[PDB]
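**Student:** Input: one structure, supplied below.
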Amino acid sequence: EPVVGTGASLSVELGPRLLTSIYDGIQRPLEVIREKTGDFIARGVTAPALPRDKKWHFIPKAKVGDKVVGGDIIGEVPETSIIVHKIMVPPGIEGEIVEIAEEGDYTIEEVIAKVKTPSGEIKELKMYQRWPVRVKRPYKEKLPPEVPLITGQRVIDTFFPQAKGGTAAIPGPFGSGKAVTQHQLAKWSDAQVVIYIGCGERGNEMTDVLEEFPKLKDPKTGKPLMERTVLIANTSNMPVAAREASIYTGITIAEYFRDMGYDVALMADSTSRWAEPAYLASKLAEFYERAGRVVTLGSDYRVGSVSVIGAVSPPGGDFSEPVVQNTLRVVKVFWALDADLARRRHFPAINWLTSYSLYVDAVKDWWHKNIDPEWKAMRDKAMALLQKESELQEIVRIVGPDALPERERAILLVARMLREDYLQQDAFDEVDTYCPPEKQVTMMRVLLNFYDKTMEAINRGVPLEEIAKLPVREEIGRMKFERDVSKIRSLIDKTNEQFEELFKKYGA
């Protein structure tokens, strides 16, 4: 073993035709054959990765004379109907642009540019580039969690935010119908690009993909969702070596898009031991370490991100070890899908007592500045509400509802509303399949004002049975189905008037 270095350098190729592509853990097209891993390097057999014959339209964005550093965008190629693919000087390369393509059509092998480094080396630049998957793509700076990744799902966006660049986790195997939140996240999050790692996929869980996935429309555009997605399959008779590798391959394609200025979401998908602890906590850590929002390389000042959502399919129902206990230490957000919520058909079945996100403080300020100054104070009060509900329910189990004073009945009432009116969301409703930021905070105020007003009326000796059947209530329940946000907002003044009436009819 004369040679050295730990690896052959498992490169990935990064250029046009990533999107719509379906690869495996090392980057070869659909329906492919067998590799081998280890301490040392690895071997292969055959495959290509981005077409060498496909002709791509290249628009130059720089003239001969321009000084460039690694990361600068020298050209643009429209890849799909959605993504403009941005062509960057590979990292490590700075100089004078001495020669540059004229707007036209080229294959990826062509030299679109040439750069004179300061030693004097002319360096040849094509529309694609290579990177060692095991090595984190560099950037200028890694910014603090700060901008939320807007999911359009109320419980997530309000109670358990994901930061752009953050890391979340989520139970079970992705491609299954006990949850569709997985899918919902992938299509609604305001990332531009999605990197999916479908993983361990079984028996006809690959046929779920190749058949349906290219038929999926992207709700923001009505174009294939695939046209802003890279797909990375981890099936059963593939080697352990192309599974261990995959997340790295994936996160690297991820880094490549954020380097463009994109926000990308990356979704991973363990199954019954995603490969076959020890120090293997580090191997996972350093995967998740590679998530982040960054000032990208470039001479312009450009921010991109890779936020990671990781699915946690355990050995089963136990959710205690191995992969499960370790992953939760690393991640900053857990959305706990709870089969008992699912059985009561409370969807999304995210348990509000046991999920958690450490990015609330991080993101409150985006919410306050751009959407509502009252955001954080509100989610807080809502949660306090729901926490109280949790406790009263324990007791009411033991002693029944008759024991309860009005005040308490008022709280179970409003909690209940909070649960059915806000936490519950209709993934299948044409309006409620997505709840924009401005809508979440309005709905929130409506409920919380109802609450404010409920207690007050109670403190004023109004019967709760009166409030319970107050008309505005039934409208509040339907709220989520209203697309016109200010029709929703009017429920506040409406709640007020109905309540005023109720003070009158009891006078005092």
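Labeling convention for the structure tokens: chains A, B, ... as they appear, residues from 1 per chain, ligands from 1 in order of appearance.
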Within 9 Å of range 13-29 of chain A, which residues of range 37-74 of chain A come that close, and what is the closest atom pair and distance in Å for each? Count only C-alpha atoms and give it as CSV.
**Tutor:**
residue,atom,partner,partner_atom,distance
A:46,CA,A:28,CA,8.3
A:47,CA,A:28,CA,5.4
A:48,CA,A:28,CA,6.0
A:49,CA,A:28,CA,5.2
A:50,CA,A:17,CA,5.7
A:51,CA,A:17,CA,7.2
A:54,CA,A:17,CA,8.7
A:56,CA,A:16,CA,7.6
**Student:** I need the residues of range 194-231 of chain A that end up classed as strand (DSSP E or B) by DSSP on the backbone, written out as a PyMOL selection string.
**Tutor:** chain A and resi 194-199+217-218+223-224+229-231
**Student:** For range 51-100 of chain A against range 106-113 of chain A, with a cut-off of 12 Å and counting only C-alpha atoms, what is the closest atom pair and its distance in Å to one decimal for every residue that makes the cut, ordered by chain and number, as a Markdown table?
**Tutor:**
| residue | atom | partner | partner_atom | distance |
| --- | --- | --- | --- | --- |
| A:51 | CA | A:108 | CA | 7.5 |
| A:52 | CA | A:108 | CA | 5.7 |
| A:53 | CA | A:107 | CA | 5.6 |
| A:54 | CA | A:107 | CA | 5.5 |
| A:55 | CA | A:107 | CA | 4.5 |
| A:56 | CA | A:106 | CA | 5.3 |
| A:57 | CA | A:106 | CA | 6.5 |
| A:58 | CA | A:106 | CA | 7.1 |
| A:59 | CA | A:112 | CA | 10.1 |
| A:60 | CA | A:112 | CA | 8.9 |
| A:61 | CA | A:113 | CA | 11.2 |
| A:62 | CA | A:113 | CA | 9.8 |
| A:63 | CA | A:113 | CA | 10.1 |
| A:64 | CA | A:113 | CA | 9.2 |
| A:65 | CA | A:113 | CA | 11.9 |
| A:66 | CA | A:113 | CA | 11.7 |
| A:68 | CA | A:113 | CA | 11.7 |
| A:73 | CA | A:113 | CA | 11.7 |
| A:74 | CA | A:113 | CA | 8.5 |
| A:75 | CA | A:112 | CA | 8.8 |
| A:76 | CA | A:112 | CA | 11.3 |
| A:77 | CA | A:106 | CA | 10.1 |
| A:87 | CA | A:112 | CA | 9.9 |
| A:88 | CA | A:113 | CA | 10.7 |
| A:89 | CA | A:113 | CA | 9.4 |
| A:90 | CA | A:113 | CA | 11.7 |
| A:95 | CA | A:113 | CA | 11.6 |
| A:96 | CA | A:113 | CA | 10.5 |
| A:97 | CA | A:113 | CA | 7.2 |
| A:98 | CA | A:113 | CA | 7.7 |
| A:99 | CA | A:113 | CA | 5.4 |
| A:100 | CA | A:113 | CA | 4.3 |
**Student:** Could you pull out the residues in range 219-329 of chain A that DSSP calls helix (DSSP H, G or I) from the backbone, as an NGL selection string?
**Tutor:** :A and (225-228 or 241-244 or 246-260 or 280-288 or 323-329)
**Student:** So the first atom is CA of residue 360 in chain A and the second is CA of residue 326 in chain A; what is the distance between them in Å, to one decimal place?
**Tutor:**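 That distance, rounded to one decimal, is 22.5 Å.
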